[PDB]
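FYI, in the working numbering the residues of the sequence shown are 220 to 330. Backbone N, C-alpha and C define an ideal beta-carbon position, used for all residues, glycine too.
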Amino acid sequence: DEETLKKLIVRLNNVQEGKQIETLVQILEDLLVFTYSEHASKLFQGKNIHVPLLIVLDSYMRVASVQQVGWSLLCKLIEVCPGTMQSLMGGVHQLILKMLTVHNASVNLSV
């Protein structure tokens, strides 16, 4: 529901710990993946859902949980929200190249 979405976005923009944010991010990816409706594509397309996530992923390069789940979450967001591409540019390219360079020496993060 929209209330659950507000809860998830609050959590994602509130707690600064690696475990909590990664778990709630994966839960939001699960919600987004489903075919029930376009609840994830709420037309807001606020970057605050994923900008702190990529900030944590780049800053905490040793945190493999976020380094593994944030890629999936952003993939689900792009594939679900049609406005993700337009909202990205006008950036995230620096963040994604930093993620690839920092600790993506393992197969799971590289794929």
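For residue i, the three-state DSSP class (helix, strand or coil)
{"i": "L272", "result": "helix"}
{"i": "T254", "result": "coil"}
{"i": "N267", "result": "helix"}
{"i": "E222", "result": "helix"}
{"i": "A283", "result": "helix"}
{"i": "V330", "result": "coil"}
Presumed contact (8 angstroms Cβ cut-off) between residue i and residue j, rounded CB distance
{"i": "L227", "j": "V299", "result": "Actually they do not touch by this definition, with Cβ atoms about 14 angstroms apart."}
Option in the options with minimal Cα separation from residue i
{"i": "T303", "options": "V270, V326, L328, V330", "result": "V270"}
{"i": "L247", "options": "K238, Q235, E236, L231", "result": "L231"}
{"i": "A259", "options": "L293, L319, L328, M308", "result": "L293"}
{"i": "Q245", "options": "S291, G237, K225", "result": "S291"}
{"i": "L276", "options": "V229, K266, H322", "result": "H322"}
{"i": "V234", "options": "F263, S256, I274, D249", "result": "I274"}
{"i": "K225", "options": "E241, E236, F263", "result": "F263"}
{"i": "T242", "options": "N267, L307, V282", "result": "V282"}
Residue interval of the alpha helix (DSSP H) (run including residue i)
{"i": "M318", "result": "311-321"}
{"i": "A259", "result": "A259 -> no alpha helix (DSSP H), and no H or E assigned at all."}
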